[PDB]
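Per-entry structural report
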Protein chains: 2
Amino acid sequence: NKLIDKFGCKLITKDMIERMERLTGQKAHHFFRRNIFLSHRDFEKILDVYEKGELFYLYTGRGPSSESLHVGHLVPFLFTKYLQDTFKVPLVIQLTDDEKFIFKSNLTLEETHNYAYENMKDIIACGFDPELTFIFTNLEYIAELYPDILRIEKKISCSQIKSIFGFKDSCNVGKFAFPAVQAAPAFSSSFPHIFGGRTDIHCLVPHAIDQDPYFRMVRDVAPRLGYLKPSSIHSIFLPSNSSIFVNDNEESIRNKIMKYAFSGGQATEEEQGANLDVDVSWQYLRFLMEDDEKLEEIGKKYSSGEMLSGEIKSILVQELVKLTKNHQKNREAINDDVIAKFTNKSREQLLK
Amino acid sequence: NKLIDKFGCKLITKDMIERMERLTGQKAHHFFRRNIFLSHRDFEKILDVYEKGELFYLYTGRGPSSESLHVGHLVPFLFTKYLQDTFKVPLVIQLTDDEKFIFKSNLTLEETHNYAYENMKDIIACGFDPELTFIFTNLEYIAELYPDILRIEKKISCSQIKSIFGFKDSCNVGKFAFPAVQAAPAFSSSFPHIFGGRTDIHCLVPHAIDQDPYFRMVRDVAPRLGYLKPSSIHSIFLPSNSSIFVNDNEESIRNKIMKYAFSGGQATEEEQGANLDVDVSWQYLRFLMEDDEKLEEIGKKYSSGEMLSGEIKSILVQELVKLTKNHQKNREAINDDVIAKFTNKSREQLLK
Ligand SMILES: N[C@@H](Cc1c[nH]c2ccccc12)C(=O)O
Ligand SMILES: N[C@@H](Cc1c[nH]c2ccccc12)C(=O)O
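X-ray crystallography is the method the PDB entry lists for this structure, together with a resolution of 2.42 Å.

This is the structure we're talking about:
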């Protein structure tokens, strides 16, 4: 909220929420109710465009630093699926095997590439439509992005990078060269095989609020390239070696909440209450629980001291395993042939 | 030749030159004798390798800022053909359409890409063997280079780039990102479809001395990647916005020497002599004239004053048009099918 000012994003008022629901014909995701996606840039443009019968596209991404996604990383992906189902628009997903090899001394491109492909399985396991979704790694799609990477780079000073991402002269040049790579897919030109070279297809970018810098930068260069400014919709972080992965079994999950999940309850049972703003388990349930009436009542009871830290952690565990089990079976149905449909660069479509 | 030592280069020795002629059965190309290629880094390593029956490869390049190559730009290319004929080794040639779009405000990728393809025709017109030569533009081969680009970038600080190329914070980030692109082909890993993934094939890089910075940098990162240091052999530039292009007609050529070619002769005929170190026409004939006996005698007569500036400029004109006519007919034999042979990324070969 102090970060929303210094970035210069606007809050998503109810009037926007009511408009999307109004235009879509579907109930708003709970990530809106609960201010999980709380922030945007020019999201009102997207609804303007969709109001006019015009199509647009979604862009989101993932950095493969681990073989499996955290559950926290499903927050933007699950939300994007909802947006794809609601607007029925194409989606574009970048796996940044280049970035994480660059920004993490303890990594190689062989590992990042493999982690990328496993990560795709977790991503597809969220139930995206392959007829509407194009997924790709930077190592494999770099040539298609290169022309827009070069155009963005020519318009930004090295000093502007420092100013935006806070790098220093001591940083490796790879760090300076990546932002353009992440910026590039927010322009329709970077996907000739779906949009046909058109430059007039608006892009909407769901992302954790910490990714905002890349898209602040690209919104500044857009006009100088005669391109549309991409719109953004921001989520808050999902708070914290080992945190909860989507391929964790029931025992792993229970083990981690009980030992590593910071409680807001009193040390002993001096609960005739608890602090919900610091309780990690409460904040997790806010993302997961589709039942509103349960949530308020859990929050009330755990606040007032008629629920111990022990019980709130158990409720979360069973929610996490329901989530993680449903994702794990969906993942079993994902083979190289299913991947191929998502990775297939060509889409015989009529946007031209 | 004090900067040339300071940089860390070595002058090419008669021993080194004799050592070669001994080892190939061919008399030495005159760019050696005339000290046009005067300098090297670990060229003695290449001869060591060739002494042992082992193969290596050549890497040279061209920046397409103009539709036609200057005659000066044929100096490294003509020399490389000689090296290819003498050692019978594979060659790899990079057209940097990315660089010149990056470094020249008055350029676009469309122009640079086209200028690249016309430039290839001039390059192929030097008589390279397509069974031994692989030519490519960065826009088209970037994905194959990307892994080594990324590996070089992770090992160099932004401050190291400033220090080596003299860039400033005000410079666009594209300028910082390009050196790795030019470095990458000096490692055999960057050509899996000829060397088979092998990292133990030495590379030799012919270049104008002003390109040295890129290969100073890449020689410093080689060990940290477990890669071989590339060797280089360096040429002095053809003495210098119109200069002589390979597609210039006779009239264009005569027009340029007479008007723009700095003479070392006296203003009027106060020649009972001339200064050969400043005379641009004399220095051009040193590169061109395959006849030694003529050259000494021209130099003597033009020195002593029994040849006017007028005649020396005419001799050069007729040499230039003989050169430029032979190149122009060889260029007429170059179609997209010929280009395709050179640009074809795959080479069924036994280096593995
Ligand atoms: N940089 C993001 C991955 C990513 C790539 N493109 C994106 C677009 C939007 C949000 C995130 C991304 C990460 O570290 O995981
Ligand atoms: N950047 C170089 C072209 C080049 C690329 N790779 C090279 C290797 C050797 C010599 C030249 C090159 C130029 O503008 O001239």
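1. A closer look at the site of ligand 2
Residues and elements named next belong to chain B. Close contacts around ligand 2 come from 15 residues, with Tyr 59, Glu 99, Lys 100, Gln 182 and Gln 211 the closest. In this structure, a nitrogen atom belonging to ligand 2 sits 2.5 Å away from a side-chain N or O atom of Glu 99. Measuring from a nitrogen atom of ligand 2, one finds a side-chain N or O atom of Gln 182 at 3.0 Å. Across the complex, the protein chains shield 91% of the 370 Å² of accessible surface that ligand 2 would expose by itself. At the level of secondary structure, the elements contributing two or more residues to the shell around ligand 2 comprise β3 (57-62), α6 (97-103) and β6 (203-208).

2. Notes on the sheet that holds strand β4 (residues 91-95) of chain B
All names here are of chain B. With mixed pairing, seven strands are arranged side by side in an open sheet as β1-β2-β7-β6-β3-β4-β5. For this open sheet the edge positions go to β1 (10-11) and β5 (133-137), each flanked by a neighbour on one side alone. Sheet analysis places strand β2 (residues 37-41) next to strand β7 (residues 231-235), joined by four bridges and oriented antiparallel. In the sheet register, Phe 37 faces β7, and the bridge partner there is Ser 235. Contacting β3, β4 and β5, helix α7 (residues 109-124) crosses the sheet at an angle of about 160 degrees to β5.

3. Here's the deal with the relation of the copies chain A and chain B
Rotating chain A by 179 degrees and translating it 0.1 Å along the rotation axis places it on chain B, where the RMSD comes to 0.4 Å. Viewed as a symmetry operation, the transformation between the two copies matches a two-fold axis. When the interface residues of chain A are mapped onto chain B, 100% of them again fall at the interface, so both copies present the same face.

4. So, the nonpolar core
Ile152(A), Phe191(A), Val218(A), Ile152(B) and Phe191(B) are the most contacted members of the largest nonpolar core, which totals 92 residues. When sequence neighbours within four positions are dropped, the list of residues in contact with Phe191(A) reads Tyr57(A), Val92(A), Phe134(A), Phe136(A), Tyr141(A), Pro185(A) and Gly196(A).

Calculation rules
Residues numbered from 1 in each chain as written, not as in the entry; some residues may be left out. Chains lettered and ligands numbered in written order. Heavy atoms only, no water. Residues with missing side-chain atoms left out of burial classes, pairs and counts. Near = heavy atom within 4 Å. Polar contact = N/O pair within 3.5 Å; in protein donor to acceptor, adjacent residues only side chain to side chain. Areas by Shrake-Rupley, 256 points an atom, 1.4 Å probe, with all protein chains shown as cover. Helix = DSSP H or I, 4+ residues; strand = E, 2+ residues; numbered from the N terminus. Pairing = 2+ DSSP bridges. Contact = heavy atoms within 4.5 Å. Axes fitted to C-alpha atoms, helices over the stretch in contact; angles between N-to-C directions. Least-squares fit on C-alpha atoms. Core = buried A, V, L, I, M, F, W, Y, C linked by side-chain atoms within 4.5 Å. Buried < 20%, exposed > 50% of the residue type's maximum accessible area, 1.4 Å probe, protein only.

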